[PDB]
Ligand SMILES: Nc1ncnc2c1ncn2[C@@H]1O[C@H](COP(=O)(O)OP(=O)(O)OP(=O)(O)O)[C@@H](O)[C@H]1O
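Take a look at this single chain, the form deposited without this ligand, given in C-alpha cells.
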C-alpha cells in the first residue's frame, strides 16, 4: 500500500493534511541541471513523488537553475528521462529561471524596505569581515543609492564577481550564514534556458524559498534559517500568496559503501578514463545502472527498503546487490552460457539432439521451455575442471563424474595439454544418465552448466564488479588507489542459441553465473554483447 516508509515525514504530512493545514500536498524535486543523477538522488525522487501519489497530491519536477556557467539543457532532459524511468510522473515541469523576473521584483522590494544593499567590497574582504562578525562599510547605504547601483548591475555595467546584493540581517550573528548573506551576484554569461536576458542571478538561499513559494509548495524536502528569513520578509509581496507558506524538512544523504557519489570525484573517474563514460555500468549514475540492467523497480525498492530518517548509517552494497537479485529472480528466465569456455569432446556420442529444458526452477510459478541443443562437442567453464581437485570438489576432475545441467552425466577420459596448460577434454556420457541416475548408484557430487559448441552463439561478456575494494573510498584518502581492478573483466564466451528469439530487453539468469541482459548500446544480434547485471550469492 503506502510507498514511503513510515517515518518522521509521513506522520507529519498525514497530521497536517487531516488537520487541514494544507488542502493538497505539494512537493517538488529540484535538481540543478548541471549533471547526471545518481543512486543518491533516487531517495529524494522516491520520497518527493512517492509522497505526492500516496496522498493524492502533486509533485513538481523543477530545475533549480541559477548557475548559468555549468547548467545545460541535456542535463535537464537527462534528469526528466531518469525521473520517468523510475516510474514517476511529475505534475509539472518547471524551470526556476522562468521565475527570474518575479525574483528580481522581490529584490527591489527588499531594497525599498531597507532590507538589502549592494556591497562593493571584494570577496576576500567580505569573508574576513564576516569571520570577524563586523559590518561592511557599504552596509548602511540609502535605499536610493542601492536601487541605482543594482540597476547599474542589471545593465551589466559591472563585471563578473565585482558586486553583490546582500541581506541586511546581523553581521555579528552567532550563525555565520545569517551574517548578511548574498542574494544576488553578477555573471556575464548566457543561461541555456532563458538566454542572454540576465547578467545578475540570485543565489541558492534567495531563489530556493521563492521558487517554493511561487509554486505553492507545502512540504520542502532537502537533505542535511535563511530560507525562513526570506519567506517571512516577503510573505504577501510581489503577488506571492500571503499564505500558506512552505516548510523545510530534512532527511539524510544516502551514503552507499564501495561507491563514491561526490560530483567532483565522479568527474575525476570519467575524465581520468577510469570509466568509459557517464552511463558506464560501473558507475552508480541512473544512466549507468539502467545500462547495467538494473530495473527501476529494484532501485525504488532499494530506496524504500532502506527507509527515510535522520539516521545516516552507511548502507552496505550487499543490500543493493541483494535487492537487485531478489528483483530479478521471478522474471529472469534461466538459460545457459559459458563465460570461460573449455572445450569438451564426447567420444561415445554421435549426432545431435534437442532437450526440452525448463526456463524456471521448481519454485517459480511460471512454466516455460525451450529446445536446448546437445552434441559431441561442448564448452564448459574452465573453472569447473580441476586436475587436482580439493576435498569438497563438486565439478569435473579425473576421478569424478559431473551432471551436465538438463542433460547427461559425463566422466573424464583423457586430458590433452599444450604449453603445459589445459586445452581439451575427452569425455564420455554415462548412459543413459538423461533424466536419470547412473545404473551403478554413484550420482555425480554436482551439476555444471555447459553449451553445445555446434550451436552456441558468441557473446562478449562484460563482468561488472563493484567499483572499489574499500568500504569507504569517498573519505578514505587516495580513492583512486582503492579502485577495484576487477570492476570490469571482459571475457569472450558463448551462450545457448534460444536467446536469439527473445525480445532484446530480456534479462536472464545464466545458471551458476549471475543475471545478464544485452547491453542496450553495443550489443547487436550478429555480435552479442551482454552485461552481467549482478552475480549470485
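Residue numbers count along the first chain shown, from 1.
From this point on, the text means the form deposited with this ligand bound, which you will not see here.
- If you superimpose the site C-alphas and bring this ligand over from its pose in the entry with it bound, none of its atoms is within 2.4 angstroms of a backbone or C-beta atom of this form, and that means open.
- Taken together, the three residues 40, 44 and 223 all lie with some non-hydrogen atom within 4.5 angstroms of this ligand in the entry with it bound.
- Screening 147, 415, 442, 261 for any heavy atom within 4.5 Å of this ligand in the entry with it bound leaves a single hit, 261.
- Residue 251 is the only one of 213, 251, 379, 229 with a heavy atom lying within 4.5 Å of this ligand in the entry with it bound.
- By the criterion of a heavy atom within 4.5 Å, residue 58 is excluded from the residues contacting this ligand in the entry with it bound.
- Put simply, residue 511 is far from this ligand in the entry with it bound: not one heavy atom of it is within 4.5 Å.
- A residue is said to contact a partner when one of its heavy atoms sits within 4.5 Å of a partner heavy atom; residue 29 meets this definition for this ligand in the entry with it bound.
- The chain is drawn here without this ligand; in the entry with it bound, the stretch among 80-88, 317-325, 180-188, 252-260 whose residues come within 4.5 Å of it by any heavy atom is 252-260.
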